[PDB]
Amino acid sequence: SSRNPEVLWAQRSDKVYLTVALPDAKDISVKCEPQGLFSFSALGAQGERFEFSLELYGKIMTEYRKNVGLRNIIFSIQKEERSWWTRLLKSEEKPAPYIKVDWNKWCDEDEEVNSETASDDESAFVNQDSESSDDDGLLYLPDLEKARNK
């Protein structure tokens, strides 16, 4: 009925990233407070529901919100830089078992992600020739009067 796969978190100075393992997104209704709220999604690839709840120890700015999805739904929300948010989860005593860490949206301390990844090729046109030769057809002639004599 209700599903909760892995949900990866990662943060930057201003914004925070939410990496949800969700192939086919359907009817996503998001209730988030700067202090915590619950989000409801529907999984179209299974026919199942998705539902998680986030209690925020830190404080969020629900104004800046982006949902970008490849094979998964990445939801980036801007954190309100009020003072010091040591933890994202208000309930640090008991985290949700579906909460995990995103190893790719973490603050890259001098990494590099352009490692021969940007290789593009096109079907460019160059020379159109299609030159062909033509023959006369035939020059075969009966050489001699080859007849059967008696």
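Provided above is the structure to which this section pertains.
Residues numbered from 1 in each chain as written, not as in the entry; some residues may be left out. Heavy atoms only, no water.

A. The nonpolar core, seen in detail. Residues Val7, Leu18, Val20, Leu22 and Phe50 are the most contacted members of the largest nonpolar core, which totals 16 residues. Those residues in contact with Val7 that lie beyond four places of it in its chain are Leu18, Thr19, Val20, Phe50, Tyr98, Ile99 and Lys100. (Core = buried A, V, L, I, M, F, W, Y, C linked by side-chain atoms within 4.5 Å. Buried < 20%, exposed > 50% of the residue type's maximum accessible area, 1.4 Å probe, protein only. Contact = heavy atoms within 4.5 Å.)

B. Highlighting the pattern of salt bridges. Using the criterion set out here, one finds seven salt bridges in the structure. We note a salt bridge from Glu92 to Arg87, for which the minimum N-O separation is 3.4 Å. For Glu92, a relative accessible area of 42% translates into the label partly exposed. (Salt bridge = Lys/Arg side-chain N within 4 Å of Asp/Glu carboxyl O.)

C. Spotlight on the pairing of strand 3 (residues 15-20). Judged by how many residues are buried, strand 3 sits mostly within the fold: five of six residues are covered. Where strand 2 (residues 7-11) meets strand 3, five bridges bridge the pair, whose relative direction is antiparallel. Bridging across to strand 3, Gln11 finds its partner in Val16. Two successive antiparallel strands, strand 2 and strand 3, enclose a turn made up of three residues. Sheet topology places strand 3 next to strand 8 (residues 73-79); six bridges connect them, and they run antiparallel. (Helix = DSSP H or I, 4+ residues; strand = E, 2+ residues; numbered from the N terminus. Pairing = 2+ DSSP bridges.)

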